[PDB]
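**Student:** only the shape, not the letters, is given here:
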Ligand SMILES: [Cl-]
Ligand SMILES: [Cl-]
Ligand SMILES: [Cl-]
Ligand SMILES: [Cl-]
Ligand SMILES: [Cl-]
Ligand SMILES: [Cl-]
Ligand SMILES: [Cl-]
Ligand SMILES: [Cl-]
Ligand SMILES: [Cl-]
Ligand SMILES: [Cl-]
Ligand SMILES: [Zn+2]
Ligand SMILES: [Zn+2]
Ligand SMILES: [Zn+2]
Ligand SMILES: [Zn+2]
């Protein structure tokens, strides 16, 4: 897996891939 | 009928823009 | 709506969403 | 036959790369 | 059946995340 | 064609477009 | 749900806001 | 133009809509 | 138009340039 | 190949790793 | 939160998975 | 390599095509 800052739309796309069927929550502070 | 996996990819980016700091939950 | 710098492909994707049926013009200076 | 909304999303990003500082107009 | 050109666009981004510094080869 | 830094997912998407049927190799150092 | 509402028809920014936190 | 207003600086939704047709 | 030309077949960089300003 | 495996069904991160260098 | 851990800093895959359901 | 040429620096279209098969 990539070793990098993930921000904004890239972070949510990472989450989408990584979490698969589980889904995810994107709740920035 | 559209590929759900591709649609979902698009929707989470759109939700990111629309929701901003509100955030959102997503599950396929 | 997000409160952030939008640049490059992200700016054009924002435009695509926001403008919907109206469409848009991307004419950088 | 392909979802026009998804295709359009893709095309505007491709146009961004191809057109550069020329820019472009897009309408669905 | 899904548009191969759109699928490929998605897959190369996913491969980018998954593969990281390993890299990858892609051909349509 | 755009005149800009292309990095990360944007670089691989550029490659995908530019290389077309030829395909490409993304082999960062 | 969003996939049922927004994959075969276009959800505007206004409709998409329903799915925000 | 749009780069100065929304990339270099930050645009509101209203400001972004100035570039819709 | 671009959608008619470039959604069910692949437009190369060369074809896509037609749609530039 | 990846298109045959991963376009009509979802390849997880784990399956996608097969296609890495 | 996720911005501090994965955007401001760099997340491992395990760390990113803390934000899965 | 490609990061040094096109990410760290800026690539021409010709330079980017050096990474096509
Ligand atoms: Cl970016
Ligand atoms: Cl994915
Ligand atoms: Cl999107
Ligand atoms: Cl959408
Ligand atoms: Cl959209
Ligand atoms: Cl694209
Ligand atoms: Cl294209
Ligand atoms: Cl992707
Ligand atoms: Cl995938
Ligand atoms: Cl493309
Ligand atoms: Zn980006
Ligand atoms: Zn995927
Ligand atoms: Zn959309
Ligand atoms: Zn394309």
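**Tutor:** On my side now, so go ahead. Residues are numbered from 1 along each chain as shown, chains lettered A, B, ... in the order given. Ligands and ions are numbered 1, 2, ... in the order given.
**Student:** from here on, just use CA atoms for contacts and neighbour counts.
**Tutor:** Will do.
**Student:** setting aside sequence neighbours, what's the nearest residue to residue A:4?
**Tutor:** Excluding its sequence neighbours, the residue lying closest to residue A:4 (C-alpha to C-alpha, 6 or more residues apart in numbering or on different chains) is residue K:10, at 5.5 Å.
**Student:** residue nearest the centroid of chain G?
**Tutor:** The structure's chain G has its C-alpha centroid closest to residue G:16; by C-alpha atoms, centre = their mean the separation is 3.9 Å.
**Student:** residue A:17 touches residue J:12, doesn't it?
**Tutor:** Yes - Residue A:17 lies in contact with residue J:12 (C-alpha atoms under 8 Å); the separation is 7.2 Å.
**Student:** between these two, who's got more neighbours?
**Tutor:** Remark: of residue A:17 and residue J:12, residue A:17 carries more neighbours, 20 against 16, as counted by other C-alpha atoms under 10 Å in any protein chain shown.
**Student:** apart from its neighbours in sequence, what residue is nearest the more buried one?
**Tutor:** Spatial nearest neighbour of residue A:17, chain neighbours left out: residue J:13 (6.8 Å); criterion: C-alpha to C-alpha, 6+ apart.
**Student:** count of neighbours near that neighbour?
**Tutor:** Residue J:13, neighbours per other C-alpha under 10 Å, totals 18.
**Student:** also residue G:5?
**Tutor:** So residue G:5, with other C-alpha under 10 Å, has 12 neighbours.
**Student:** and what of residue G:20?
**Tutor:** Neighbour count of residue G:20, defined by other C-alpha under 10 Å: 19.
**Student:** could you do residue A:6 as well?
**Tutor:** Residues near residue A:6, counting by other C-alpha under 10 Å: 23.
**Student:** just to check, residue A:21 is in contact with residue B:28?
**Tutor:** Yes - counting by C-alpha under 8 Å, residue B:28 is a contact partner of residue A:21 at 5.8 Å.
**Student:** and the strands in chain A, which stretches?
**Tutor:** For chain A, applying DSSP state E gives strands covering A:24-26.
**Student:** near chain B, which residues of chain G?
**Tutor:** Neighbours of chain B within chain G, by C-alpha under 8 Å from any C-alpha of the partner chain: G:3, G:6, G:7, G:8, G:13, G:16, G:17, G:19, G:20, G:21.
**Student:** farthest pair within these?
**Tutor:** G:8 and G:21 (23.1 Å; C-alpha to C-alpha).
**Student:** between these two, which one's more packed in?
**Tutor:** Taking neighbours as other C-alpha under 10 Å, residue G:8 and residue G:21 compare with residue G:8 leading, 17 against 14.
**Student:** residues in contact with the more buried one?
**Tutor:** B:1, B:2, D:3 (C-alpha atoms under 8 Å, 6 or more residues apart in numbering or on different chains).
**Student:** you'd agree the second one is up against residue D:1?
**Tutor:** No - with contact defined as C-alpha under 8 Å, residue B:2 and residue D:1 do not form a contacting pair (9.7 Å).
**Student:** would you agree residue A:8 is in contact with residue B:16?
**Tutor:** Yes - using C-alpha under 8 Å, residue A:8 is in contact with residue B:16, at 7.4 Å.
**Student:** so who does the residue nearest to residue A:20 when sequence neighbours are not counted touch?
**Tutor:** Among residues not flanking residue A:20 along the chain, residue J:12 sits closest, at 6.9 Å (C-alpha to C-alpha, 6+ apart). Counting by C-alpha under 8 Å, 6+ apart, residue J:12 touches A:17, A:18, A:20.
**Student:** and residue 19, how many residues sit next to it?
**Tutor:** Since you didn't name a chain, this refers to chain A. 23.
**Student:** that answer is for a different chain, and I need it for chain G
**Tutor:** Neighbourhood size, residue G:19 [other C-alpha under 10 Å]: 16.
**Student:** is it true that it touches residue B:24?
**Tutor:** Yes - Residue G:19 is in contact with residue B:24 according to C-alpha under 8 Å; the separation is 6.8 Å.
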